[PDB]
């Protein structure tokens, strides 16, 4: 359950022209392996961040009736090129290809998009509507902290997405702990989370300690201006 839309000669152009941006991987039919799995993980990750992006695949068939070959031929790619990654800005007409020297990996896929579009893909854990109102939270007066706590508590209760609901909880506990103790909390919670990340941890536990750390990074400031 990927979110990648598989496209053909009949659906490709009609579909790309209905989204603000598209990222399309051209490869073999029935694709498989690490670069495919990196693309797949890029797709789940982009759906958690945005609604303006199509993530898609085109399978090119050499032997048979020839399905999608006219499509690979339109954009100048072959079995010698595969996989080829294209970014479309609303039409099948103007695009940018990922350079052939760049590894197809999740971090490279996400950098490709923001470098070329007005879209943020967030770090895992983050919620764009909370980040939008939390810049410099730790330096603002008590009475503005307490009004933001109350505002983002009321948004939390209205969240419909299960991961957002979970991530939001961590935001609030930090908002409150920082209000109660000051900037000194940042150091205490970082030391707590990096002690755990440095033990023997599975891939699933690593990713979850990373979400907490990404959320807490939001609370970091460049100078302390608030007394106490």
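Residue numbers count along the first chain shown, from 1.
The deposited model assigns a higher average Cα B-factor to 92-100 than to the other stretch when 125-133 and 92-100 are compared. In this entry, the higher average B-factor at the C-alpha atoms falls on 156-164, of the pair 156-164 and 173-181. Ranking 138, 85, 109, 146 by Cα temperature factor from the entry places 109 first. The entry lists C-alpha B-factors for 62, 27, 189, 37, and the highest of these is at 62. Compared with the other modelled residues of the chain, the Cα B-factor recorded for residue 208 ranks in the middle third. When the modelled residues of the chain are ordered by their C-alpha B factor, residue 195 lands in the lowest third. Among the modelled residues of its chain, residue 9 has a C-alpha B-factor that falls in the middle third according to the deposited record. When all modelled residues of the chain are sorted by CA temperature factor, residue 45 is found within the highest third. Residue 68 sits in the highest third of its chain by CA B factor, as recorded in the PDB entry.
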